[PDB]
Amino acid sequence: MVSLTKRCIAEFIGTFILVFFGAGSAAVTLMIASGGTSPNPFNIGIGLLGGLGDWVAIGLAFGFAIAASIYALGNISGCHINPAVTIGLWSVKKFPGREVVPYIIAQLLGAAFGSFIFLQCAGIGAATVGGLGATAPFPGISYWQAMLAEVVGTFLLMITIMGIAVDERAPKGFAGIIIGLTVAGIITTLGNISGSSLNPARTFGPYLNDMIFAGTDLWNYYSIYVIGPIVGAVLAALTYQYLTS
């Protein structure tokens, strides 16, 4: 019912929110932990002061912002705010192919602006110390291990979306909060492994701004956050379709 123009604006706003608040909380954690001594290399600062509590806090900053976005924009654009979700829905004929690129562009732009505006609010340290919450393999984690993490994590996210937001039998009203909390849980577990992106746009924004303002080049890892989420999402969509066929 809503025009594609307005729906793309909604996707831009939703992804802006996702990155500003979610990735922002991770940058803040590193900023307030800066100067502290970590027990081992695997602990880079997130978890130094609050242990796994730091990870569930970041997970919830993402989760509550995602839930808020879905309740505010779900009835407008569907609030995908994730290229992997858009592609996942498309793979099972739940979203028109003609609108896939428009949505993804809006999401990438929203993520980039969200990261940029957060940097303006928090200061340069959000990038030089916090890395603007950019997702990258943690110490000792290989390219393929991070890839596997993103596939499994996005699989859970997408299969949940299929059951609570796509399925006609889904209980009305619960989609936003369940999807957000599911993301919070996935980040709590996978955050210290791959950064738990589950979203190509959510990784794109911080990567772009880190490059421009922190002189940090993480693009060599970007394929992990493109292939991993997309593969996990499509696999989940196809699996759900099979189980309910």
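Numbers for residues come from their place in the sequence shown, where the first is 1.
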Decide which of the stretches 9 to 17 and 220 to 228 has the higher mean C-alpha B-factor, going by the entry.
220 to 228
Higher of the two mean Cα B-factors (195 to 203, 39 to 47; per PDB record) comes from 39 to 47
For the CA B factor values reported in this entry, which option in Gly133, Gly97, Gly110, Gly163 has the top one?
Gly97
Highest Cα B-factor in the deposition, which of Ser34, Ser69, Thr182, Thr188?
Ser34
In terms of its chain's C-alpha B-factors, the third that includes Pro83 is the middle
Entry-reported Cα temperature factor of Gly153, expressed as the chain third it lands in:
lowest
Tell me, lowest, middle or highest third: where does the Cα B factor of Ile159 rank within its chain?
lowest
